[PDB]
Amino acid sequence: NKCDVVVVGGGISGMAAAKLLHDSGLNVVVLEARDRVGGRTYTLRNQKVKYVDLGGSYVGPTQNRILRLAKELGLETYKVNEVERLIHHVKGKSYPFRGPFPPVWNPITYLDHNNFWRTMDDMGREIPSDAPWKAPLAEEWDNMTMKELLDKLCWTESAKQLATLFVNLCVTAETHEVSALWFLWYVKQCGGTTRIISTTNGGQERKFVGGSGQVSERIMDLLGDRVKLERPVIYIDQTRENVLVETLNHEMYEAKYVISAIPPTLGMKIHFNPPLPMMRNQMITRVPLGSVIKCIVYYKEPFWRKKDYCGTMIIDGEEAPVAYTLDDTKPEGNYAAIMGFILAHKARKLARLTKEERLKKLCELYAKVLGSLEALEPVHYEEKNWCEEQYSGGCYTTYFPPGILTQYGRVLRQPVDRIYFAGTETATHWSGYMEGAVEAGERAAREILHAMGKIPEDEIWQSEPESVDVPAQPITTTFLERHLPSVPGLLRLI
C-alpha cells in the first residue's frame, strides 16, 4: 500500500525516474498497465530472428543520457550498416549516393533543395528548446501547418516531395496534420536537420546488442517486486494528506508524490480528484500520437551489399508502401534483414491487409528498388502496428496540431499539486526518443527530490558528460550551402 513515490508507467522514462529515486534511498513503486515493461520499446526474441526491436531501436551521438544508462546496465551498441551506397528511388528509378542528403542535379532544383534544409535550421535557431512558445514568431508559425510552410518554401515539386517524406518519417504524421512551429522545434531540439537524418554521426548510428527492451527489463530486474505489471492506473486522489493511486485490478497505493510517465493524452485514462486544472484538462485531448507499422523482412544473406548498396532506401511517392529502410542485419552478418516503416496515412490504409499481403507488397517494392530478385525470397517476417496499442496510442511520439503548442505547451511539465510529469514528450533534447525519455524521467525524479528538500533548485536540471564510446563529430556546412540563393532569390537577382 504505502511508499514514497508512485511512478505511473514502466517505459524507459518511468524506469529511469524510479531507478534514480531508488538509488537515492526512497521507496518506489512502478505501476505498469501491460504484462510487460518497455512501452514504446519492445524486443521480441525467437529462433528465427534471435532478437528484434519492434519499437524504438536507434541511438546515436549527442544522446548521452540513454548511452550512459544502458552502459551502466551492462549493454553494448553496434553500428547500423552504412558502409556501401544509400539509394534514393524517384520516379521509378534508383539513384545510389553517398553522404546524408540525397543529391540533386538540376540547377534550379538544387537551389530549392539547398534552401529548404537551410531554412529549416535558420528558423530553428530562433526557437528556444525549453520554451518553443517563446519563439519571436511563435504564433505566426504555430497557426500554420507544415503543408502550408512547404507550399510557400518549395518552388519545385522535387523539393516538396522530399520535404514531405522528411516530415512523414520524422514524426509519423502528414504535413497538413502538424504545426510548423512544433515541427521546427522538434528538429531543432534533436540538433537540426543533419543530426536528425543521419545514420553515421546522427540519430540512427547505432542499435543495442540484444535489443533496446533490455533497458526497461534490466531496471525491472534491479527493482524486483517494486514493479507491478498489469496494474493500469484508473484514479488519482489528491484531496488528503497522502496521494492515493488506484488500479483497474482494484489495488490501492499511497504515496507522498506521483510521477506520470505516460504519453500526455493517456492521462485521459485516469479519473482525477480534484479535477485537473482547465488548461491540462483540455491539453490532454489535443495531443495525438503518430501512426506507423514497423516491418522487418528477413533474408538468407544481406544480398544488397554485393551490389554496393548498404540497405538504406529513401523511396518517394504515394504508391510505395514503405518510404524508408535501413539494414537490420546483426553485427555478426547473420539474420540478414531490411527494416522498413509504413508511415502515417499508409499505416491506416494498409492495416486492412493480412500480414502475408503486406509481406508480398514489401518484397516486391524492395525487389524493384534494390534491383534484385533475391528480395522476392524472404525467410521470415516480423511486424508491429503501433496504432492498435491502447497503452501507447501510436508511435513514435506525440505531435501538435496547428494552434496547440502556443496555447497549451506551457502546461506539459507543470506539476499538478504532488503529480510531476515525465515521459519523452516533456524532454528538451531528443524529445520523442529514448534519450528524451531518460532526460524527462531523471528531471521529474529530481523535481521530487527538490520538493523533499534533499537537493537544491539548481540540481533539478543536470548536464550529461559526452559518451566515450559514441563521440559526436561536429555538423558542418560548405560556403556554397550557406550562401547560394533560393529560387526567388535568384529571380530577384534577375
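Heads up: residue numbers just count along the shown sequence, starting at 1.
message: Which is higher on mean Cα B factor in this entry, 289-297 or 68-76?
response: The stretch with the larger average C-alpha B-factor is 68-76.
- prompt: Looking at the entry, does 100-108 or 136-144 show the higher mean C-alpha B-factor?
  reply: The stretch with the larger mean CA B-factor is 100-108.
query: Per the entry, which of 266, 350, 322, 419 tops the list for Cα B factor?
result: Max CA B-factor in the entry, restricted to 266, 350, 322, 419: 350.
- prompt: Quick one: which of 328, 126, 316, 389 has the biggest Cα B-factor according to the entry?
  reply: Among 328, 126, 316, 389, the PDB entry lists the largest C-alpha B-factor for 316.
Residue 399 - which third its CA temperature factor falls in, relative to the rest of the chain: Tercile = lowest for this residue's CA B-factor.
- prompt: According to the PDB entry, is the CA B factor of residue 458 in the bottom, middle or top third of its chain, that is, lowest, middle or highest?
  reply: According to the entry, residue 458 has a C-alpha B-factor in the chain's highest third.
message: Taking only the Cα B-factors deposited for this chain, tell me whether residue 210 sits in the lowest, middle or highest third.
response: Within its chain, residue 210 is a middle-third residue by C-alpha B-factor, going by the deposited values.
message: Could you place residue 480 in the lowest, middle or highest third of its chain by Cα temperature factor, using the values in the record?
response: It falls in the top third of the chain.
message: Ranking every modelled residue in this chain by its Cα temperature factor as given in the entry, which third contains residue 34?
response: Tercile = middle for this residue's CA B-factor.
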